[PDB]
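Coordinates in review
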Amino acid sequence: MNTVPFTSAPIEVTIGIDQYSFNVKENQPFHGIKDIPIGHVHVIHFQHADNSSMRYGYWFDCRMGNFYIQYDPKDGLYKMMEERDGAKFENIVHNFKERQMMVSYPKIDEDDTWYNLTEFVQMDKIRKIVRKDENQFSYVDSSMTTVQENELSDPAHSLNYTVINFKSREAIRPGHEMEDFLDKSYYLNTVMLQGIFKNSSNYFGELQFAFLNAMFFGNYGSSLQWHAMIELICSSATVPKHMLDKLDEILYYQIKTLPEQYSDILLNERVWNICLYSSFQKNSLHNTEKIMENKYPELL
Amino acid sequence: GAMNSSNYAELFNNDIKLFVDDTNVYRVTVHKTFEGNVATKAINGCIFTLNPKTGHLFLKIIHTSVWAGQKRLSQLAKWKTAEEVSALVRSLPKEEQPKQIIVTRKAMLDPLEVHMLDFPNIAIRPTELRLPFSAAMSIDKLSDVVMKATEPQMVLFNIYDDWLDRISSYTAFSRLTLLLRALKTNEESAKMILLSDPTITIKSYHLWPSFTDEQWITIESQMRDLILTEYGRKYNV
Ligand SMILES: COC(=O)CN(C)C(=O)c1cccc(O)c1
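1. With respect to the nonpolar core
Residue and element names in this part refer to chain A.
- Counting residues in hydrophobic clusters, the biggest one holds 114 residues, and the most contacted among them are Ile-15, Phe-46, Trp-59, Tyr-203, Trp-226 and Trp-272.
- For this core, the element with the highest residue contribution is helix α7 (residues 200-217), accounting for 11 residues.
- For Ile-15, the contacting residues outside a window of four places in its chain are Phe-6, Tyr-20, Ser-21, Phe-22, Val-24, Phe-30, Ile-33, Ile-44, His-45 and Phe-46.

2. Regarding the layout of surface pockets
Residue and element names in this part refer to chain A.
- Taken as a whole, the largest pocket holds about 440 Å³ of empty space.
- Where the lining of the largest pocket is concerned, the elements lending two or more residues are α8 (220-234), α10 (263-266) and α11 (269-277).
- The class makeup of the residues in the lining of the largest pocket is nine nonpolar, eight polar and two charged.

3. A closer look at the domain arrangement of chain B
Residue and element names in this part refer to chain B.
- Segmenting chain B into domains produces domain 1 (9-163) and domain 2 (164-237).
- Each of domain 1 and domain 2 has a C-alpha centre, and these two points are 23 Å apart.
- Residue-level contacts link 26 residues of domain 1 with 26 residues of domain 2.
- Roughly 2,400 Å² is buried in total at the junction of domain 1 and domain 2, and carbon and sulfur atoms are behind 66% of that figure.
- Counting every contact that joins domain 1 to domain 2 gives one salt bridge.
- A salt bridge links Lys-191 to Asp-140, with the nearest nitrogen and oxygen atoms 2.6 Å apart.

4. Quick notes on empty space enclosed by the protein
Residues and elements named next belong to chain A.
- In this structure, the largest cavity occupies an estimated 50 Å³ of space.
- A per-element tally of the lining of the largest cavity places helix α2 (residues 113-118) first, with three residues.
- Of the residues belonging to the lining of the largest cavity, the class tally is five nonpolar, three polar and three charged.

5. Let's talk about the sheet that holds strand β6 (residues 56-60) of chain A
All names here are of chain A.
- Read from one edge to the other, the open sheet built from five strands follows the order β3-β2-β5-β6-β10, with strand pairing classed as antiparallel. The sheet is open, and its two edges are formed by β3 (20-24) and β10 (138-141), each paired on a single side. The mean angle between the axes of side-by-side strands here comes to 20°, regardless of whether they run parallel or antiparallel.
- Across five bridges, strand β5 (residues 42-48) lies against β6 in antiparallel orientation. Looking across to β6, one finds that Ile-44 is bridged to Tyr-58.

6. Topic: the environment of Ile291(A)
Residue and element names in this part refer to chain A.
- Relative to the assigned elements, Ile-291 resides in helix α12 (residues 286-295).
- Residue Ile-291 is classed as buried on the basis of its relative accessible area, which comes to 14%.
- Residues in contact with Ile-291, not counting those within four places in the same chain, are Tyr-252, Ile-255, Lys-256 and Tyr-296.

Conventions adopted
- Residues numbered from 1 in each chain as written, not as in the entry; some residues may be left out.
- Chains lettered and ligands numbered in written order.
- Heavy atoms only, no water.
- Residues with missing side-chain atoms left out of burial classes, pairs and counts.
- Core = buried A, V, L, I, M, F, W, Y, C linked by side-chain atoms within 4.5 Å.
- Buried < 20%, exposed > 50% of the residue type's maximum accessible area, 1.4 Å probe, protein only.
- Helix = DSSP H or I, 4+ residues; strand = E, 2+ residues; numbered from the N terminus.
- Contact = heavy atoms within 4.5 Å.
- 1 Å grid on protein atoms, 1.4 Å probe; cavity = no way out; pocket = protein on both sides within 12 Å on 5 of 7 lines; lining within 4 Å.
- Points joined across faces, edges and corners; volume = space filled by probe spheres on them.
- Nonpolar A, V, L, I, M, F, W, Y, C, P; charged D, E, K, R; others polar.
- Domains from an automatic or database assignment.
- Buried area = accessible area lost by both parts, 1.4 Å probe.
- Salt bridge = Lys/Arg side-chain N within 4 Å of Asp/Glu carboxyl O.
- Pairing = 2+ DSSP bridges.
- Axes fitted to C-alpha atoms, helices over the stretch in contact; angles between N-to-C directions.

Put into structure tokens, the structure is as follows:
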């Protein structure tokens, strides 16, 4: 178990860690988060009490270093930093742990939700989507746009997701125009899986990361990307049987974790109705279809 | 964006553009099988690709052999149309290629878009107008050449005959759409009006009769009357 400590909390803020969250009052004696499960990526995120604009946060993996947060009063936000003095951090962490100034990452033992939402997400792939190589951790916020959104403005602050575009030369073989547009298997299996992602695990990692950025930051481009990655699979007649089964598990836990009051903005009617009820894989997503129907039958 | 009454004069400016109509590409007569089931038999069709400024018509004849052993023909027809329009553009010299293609039915947008990926600067536009180009097979010489075809074939016409010697493109298009609207609403009556008196002929190199300017006014009036009529006879007004 690892710990992400705080110098202090000078402004009132709602702090999230993965799917959990708690409210911290202005100058309350908060000094961090302990008992963080090792073995998964994590995301700590923030919504200031005074400006609910800009949800922002940091993707990190406690295996890659000791990370701590100090409020920056010039830039006006909680920043993640990487301590290089391992004994300073441990003396500091222990000191705070003895004063019980930390919240405990509140994982129920039965609960596999976080694992299931981050199964294929690796820090190394996050750091290629979010380019800032001087830090081991990755900043994301509500307003950041994607490479693809930019093509249709600051490149240093972009989400470099894999561009998917169903009416593009990459997607459509000269001479198979109709074949490839109505059955995207070529583009899924040859272009993306074999060519770009190399394996389905990396494809699923990006899909899961896009969902989590949509959910935790309301990042519109990330939601576009999540839906595009689902639609490419559902609109392919030929999908490895193992991918279909795992996709069902993936989406199941994403829909299960979504706030009930956000389905209006984060869920795209056309994609889900096509994916669950018309596409090649309309019958291959029983668990996802089941929870979509018992939980959001309005959208459909 | 979509083409409508507001931007109607853009059709006759000096940017090359084509209308593409796919109504008559996949044509079937529906009949009964000996077992009393229903079957379709295809007949020859055509793509109606028209330059509204110049009248040049690229009539790609679609021979029934193109459907042999194919499934979901109505969907195939849209993709075949888009394949053939893309091939026509690639066949034209660069300075003759269109800057826009306007499809008469919105279901042609994605098919044509995907076939024209090599031409990112050719705009594919739908239209809000309800153009009567389906009636092109009511023009006797076009119907004749389609039905006689024994192989795929492109036939070139000027759908305005020699009208542009005397009238503008705007006026020629209006006359064309009036004639075709009339043939579409009551083909029998329309053809009676056109092929009326025995001193009016169709030149061998033309599609329509050789009306004087005054006779065209009379003809056009008669066609308007027919269109409103049928609109009464239909609606009872
Ligand atoms: C409290 O006054 C200090 O000088 C020390 N603080 C809390 C830090 O900067 C700090 C906090 C957490 C971890 C770390 O590695 C350092």
